[PDB]
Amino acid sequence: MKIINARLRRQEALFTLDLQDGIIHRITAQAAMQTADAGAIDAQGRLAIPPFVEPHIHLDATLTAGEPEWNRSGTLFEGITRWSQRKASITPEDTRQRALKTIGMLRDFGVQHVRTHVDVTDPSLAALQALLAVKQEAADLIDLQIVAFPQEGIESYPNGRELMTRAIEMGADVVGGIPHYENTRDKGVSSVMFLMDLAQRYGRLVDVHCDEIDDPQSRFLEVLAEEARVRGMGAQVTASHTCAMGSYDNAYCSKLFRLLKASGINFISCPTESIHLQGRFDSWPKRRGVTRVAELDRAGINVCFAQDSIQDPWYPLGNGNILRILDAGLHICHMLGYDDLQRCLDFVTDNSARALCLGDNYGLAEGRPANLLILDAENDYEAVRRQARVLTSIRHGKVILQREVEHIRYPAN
């Protein structure tokens, strides 16, 4: 299949992309606009990018907001209580139906790579069973990674170490954790030691809910980064949230950055989720509660944005559109400078792909899989400013989604 008149990120020239056998066969700069022969897609000067990535979402909990009760306080902790209640009625088929519906939303907005956390603090591991099957069933739309996520703690929940182990042995791709939620500081530390041992023993990736709390004493990130560094696993390890970093002592944080850089770990921020869940224990002034995204990025540290929740016990909105999350993140993290906006798509594509260790299975380069979108915009700035629609989504060389370009009529002239 041929795509002509396509823009590529941060370049002026138009390109033709030749897709064959499910991979990108050739990419070639054109002289100017050209005409689509039969069986050629004309991108019409629109941007072609690799697919959006959703590197952190809770598909087991998606679409359960209000069941059986609402999170009245809007806090992380009440959300956990509400989820605990909903867990009483989770079945594999219930999980499957909700997850597939949310996957449809992600697909509608150009997401082809998803990393989902699944709560394994449930002796039945019902949601895990369902999502391991969804991974197979939904492969025509997405590549799904599954994180074994001990929502109620590893050290603090009955048989927590055993449940994490079962989940990894069943084939969860990523080992999770929640050290700030363990009952004591010492158990928070030992949970990190366990999960890293587990990840290393089974050769899995790591993605830990790390310091998702406004307490400036929540410093489990240093433990994770140092284990990553010592074990030589940096690239395989992601720290999600790190909200407490947004409240750290600045002298400590400056020291910390040396280790963060040295460890080579990745960071995920969920700005719409954290703006909603953080700052709840302040009066006024009210902190933003988001990690230091701009600063990590300027230090050469890989950071990206994620939606986290869609209509679940923690977050009542969500429609699958990662560009809305990008917009929120640039605002809250003070990244609306000219240079930030010229490359802002990094934070929902390339950086996220690096966090998920997609390697050569991602990106527009000859020889890589033919997975791409055509966006209704010419560049990064216009993409975020207009919240550009995904006009075409192509997966394994096939068109899986097509939108018409919006047309507004003015009947009164």
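One rule holds for the numbers: they count along the sequence shown, beginning at 1.
Stretches 240 to 248 and 126 to 134 differ in mean C-alpha B factor, with the higher average recorded for 126 to 134. In this entry, the higher average B-factor at the C-alpha atoms falls on 84 to 92, of the pair 84 to 92 and 320 to 328. The PDB entry assigns the greatest CA B-factor among 59, 357, 348, 27 to 27.
The residue among 53, 372, 32, 344 whose C-alpha carries the highest B-factor in the deposited model is 32. Ranked by C-alpha B-factor against the other modelled residues of its chain, residue 306 falls in the middle third. Annotation for residue 142: CA B-factor lies in the lowest third of the chain's modelled residues.
The deposited CA B-factor of residue 203 belongs to the highest third of values across its chain.
When the modelled residues of the chain are ordered by C-alpha B-factor, residue 177 sits in the middle third. For residue 338, the recorded CA B-factor ranks within the highest third of the chain. Only modelled residues enter the ranking.
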